[PDB]
Every structure is written in structure tokens, then in C-alpha cells.
Amino acid sequence: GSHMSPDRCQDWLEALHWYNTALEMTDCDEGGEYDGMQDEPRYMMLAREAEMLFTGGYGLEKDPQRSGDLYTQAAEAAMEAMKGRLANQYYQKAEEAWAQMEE
């Protein structure tokens, strides 16, 4: 191969189609695919803040609600960036965030 490319363009639809109800673990197969990603990834920022809202971050109080809202937005931006694995994980984390309120 020349360079790992996001040829898994259908995988993010597939991933979100099967859903991820928090407690569903996946392969977590997120390595490094460099093709078409000519953009400054917003989903990492959104997920980083979501993480700060999840476990408590730099001046961010833990809030499962905002945490999931940020993770769901992050998943949108992730699946937008042809990265289904990230979208799935962030969605998995969004579900976990709210699941913590019913546990």
C-alpha cells in the first residue's frame, strides 16, 4: 500500500446503524489513515471538551448531559471526517455519559 486511506466510507453509517448502547464494546480499531483529511479536526476538540465534562477537566465541572451533547456532536464531526470508528466510540461515550444517570 501507499498510504492508509478511509476506504471504509460505509463503516460510519454501518457503525451508527448498529448503534452503541454504552455497554457495547467494539474493536476500537483507530490507527492512522491519512487521505482526504485536509481539515483541522473539530471532533477531537469537541471530544476533548466532552472528556473534560465527563471526568472533570481544566475548569470544567463534570456534567453527563453536556458531556453527551459534546460527544454526540463530536461523533457527527467524526463520521463527517469519514472516521466511523471515532464516531462510534464518541457515540459509545455519549451513551455512557447518560447511562451514568440511570445506573
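As summarised from the PDB record, the model derives from solution NMR.

Trainee: Looking at this model, I keep getting lost on the packing of aromatic side chains. Mind explaining?
Mentor: We describe a pair of aromatic rings using the distance from one ring centre to the other and the angle between the two ring planes. A full pass over the atoms with the stated rule returns two aromatic pairs. Relative to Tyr91, the ring of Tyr19 has its centre 5.1 Å away and its plane inclined at 90°; by these criteria the two rings are edge-to-face. Note that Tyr19 is positioned in the loop between helix 1 (11-18) and helix 2 (42-54) and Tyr91 in helix 4 (residues 84-99), a separation of 72 residues in sequence. Using a relative accessible area of 35% as the deciding quantity, one classes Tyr19 as partly exposed.

Trainee: What exactly am I supposed to notice about helix 2 here?
Mentor: For helix 2, built from 13 residues, the straight-helix expectation of 18 Å at 1.5 Å per residue is met to within 8% by its first-to-last C-alpha distance of 18 Å. When we look at burial in helix 2, the residues that qualify are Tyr43, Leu46, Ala47, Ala50, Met52, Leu53 and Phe54. Those residues of helix 2 hidden inside the fold are in contact with helix 3 (64-80) and helix 4. Following helix 2 by one or two positions, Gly56 has its phi on the positive side, about 90°.

Trainee: Would you explain the pattern of salt bridges in this entry?
Mentor: For side chains bearing opposite charge, pairing can occur when the charged atoms are close. What the rule picks out here adds up to nine salt bridges. The partner of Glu49 in a salt bridge is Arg66, with the nearest N and O atoms 2.7 Å apart. Pair noted here: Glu49 is in helix 2 and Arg66 is in helix 3, with a separation of 17 residues, a long-range link. Since its relative accessible area comes to 38%, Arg66 is described here as partly exposed.

Thresholds, definitions, all that
- Residues numbered from 1 in each chain as written, not as in the entry; some residues may be left out.
- Heavy atoms only, no water.
- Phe/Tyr/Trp six-rings, centres within 6.5 Å; stacked < 30°, edge-to-face > 60°.
- Helix = DSSP H or I, 4+ residues; strand = E, 2+ residues; numbered from the N terminus.
- Buried < 20%, exposed > 50% of the residue type's maximum accessible area, 1.4 Å probe, protein only.
- Expected span 1.5 Å × (residues − 1).
- Contact = heavy atoms within 4.5 Å.
- Salt bridge = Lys/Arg side-chain N within 4 Å of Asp/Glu carboxyl O.

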